[PDB]
Every structure is written in C-alpha cells, then in structure tokens.
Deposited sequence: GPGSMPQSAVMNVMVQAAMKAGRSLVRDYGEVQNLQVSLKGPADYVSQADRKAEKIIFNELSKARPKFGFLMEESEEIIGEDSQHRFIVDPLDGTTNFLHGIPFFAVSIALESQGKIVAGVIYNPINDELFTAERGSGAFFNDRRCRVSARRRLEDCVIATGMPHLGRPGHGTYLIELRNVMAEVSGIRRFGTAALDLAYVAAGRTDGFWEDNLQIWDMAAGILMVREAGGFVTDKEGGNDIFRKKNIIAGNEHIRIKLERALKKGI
C-alpha cells in the first residue's frame, strides 16, 4: 500500500542514518536525526497526518483521524553501547486503530511489515508466530520494567529467556516466530504500536498483563501465539 511504502522508506532512510551513526550525546544525536528523517518523510508524504513520536509533543494533524506513531530508535541503550540490536518502528493509526506497521532493524537489514488484514511480512515473505504449545519448549523475551516473581515464574517454565533490550524488535521477533512470546512492563505506545499489529497479523495475540486490551493504558504487554500467550499470562500471575 502507498502509505506502507512511505513508512518503509522513511524507516529505511532513518535506518541508514542509524547504521552510519552506529558506525562512529552522539546517541541523542543519532536518535534526533533518525526522528527528523522520519518526520520529514512522513510529513512530506502525509502533511495532514498527526504524529506521536517518542518523548516529543504530539502533533495533532489537520486530518485528526490519522497519526503516525514513531519510535525513531527502539533499543537506544543497545545503540549507545554498540549492541547491533535496535530498530525503527513506525505505525499508522487510522480512527484509533493501528492499520499499518513497520519495524526495521537496519543492522541485520530486517524489515517487518504488517497491514491490518494483510498478514505480517518479514522481508516480503509472510511471517507467522511460532506454533509452540508448551512454555517448556519456548524462548520468551522480556524487558526490565514483582518483576522478579514474574521472571522466576516464567524462568521455571520456559526453555529460555531472552532480554535483547528492544520492545518493537522483540514484538517483530514474536511475530516472525523467532521467539515464542514476549512480556514487558512500562512500555510506551510507540514502543508497541507497530509490533502489536505485527504479532496479531502474524496470527498471534497481544494483551496487557491482565489479559485484556488496555495495552496502551496499562503500558504492559504479553504477546505470543494463542497457546503461549495464555500460559505466559498464567505463569506471570502465579
């Protein structure tokens, strides 16, 4: 779709800039530059669309019902440290519903896209959540915010825990079937918006920690395939 292509292009241009800055305060700069590039691209492409970008005053668009939701650099600490795991995330929200999302890991050149009703793609092939049915078989990703109890709970149950230091990339990974599930607390809307669509379009399910749909409100998330998501929920509550 036309808007998807604009989103992808913005993300890739931001991505190239990131890789270039990754090459070399300077992290804030890299983040700010990626953001400028995305804003410029998406503004030029959709001048009446709103913008919700990480830690930045929301721009209400002339077209009040469409806004891009952006994390120009997801995995900032990874980025600061030289850990080649971070991503650009752009979601499009239309009428309060996420309808398109791009997560781009510019180091591995890994493009995750989904549009509502179209499925999720990992570089132009359909990707799907994993088919695992038991936690014992699972690699679950997580991020730092009771957390220790949850961690203990899940650690007891799973084959392995990953903590990559990204949110959006982590969701892309569940959506691509690379990890079997994800949970995190204190996540922002831009951390999650494209990833949640990705997971759902990949045939997974995404709830808040309490198993509902107040993700953006509760700032927390459990994602995985239907089976893993429920058991994760169970494990987390124990």
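- Annotation: deposited residues 1-7, 32-43, 165-172, 266-267 are not represented by C-alpha coordinates in the model.
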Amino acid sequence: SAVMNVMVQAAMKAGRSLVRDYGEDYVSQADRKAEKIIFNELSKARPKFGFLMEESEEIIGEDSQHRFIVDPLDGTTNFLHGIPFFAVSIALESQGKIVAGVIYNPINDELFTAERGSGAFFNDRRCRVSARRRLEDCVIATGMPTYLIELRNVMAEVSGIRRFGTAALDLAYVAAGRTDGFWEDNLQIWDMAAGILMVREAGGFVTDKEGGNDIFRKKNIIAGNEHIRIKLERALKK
From here on, numbers count along this sequence of modelled residues.
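- Mean CA temperature factor is higher for 122-130 when stretches 164-172 and 122-130 are set side by side in the entry.
- Between 148-156 and 97-105, the higher mean Cα B-factor belongs to 148-156.
- Ranked within its chain, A223 lands in the lowest third, by CA B factor from the PDB record.
- When all modelled residues of the chain are sorted by CA temperature factor, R46 is found within the highest third.
- The deposited CA B-factor of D208 belongs to the middle third of values across its chain.
- Sorting the modelled residues of the chain by their CA temperature factor places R178 in the lowest third.
- Sort the chain's modelled residues by C-alpha temperature factor and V70 lands in the lowest third, per the entry.
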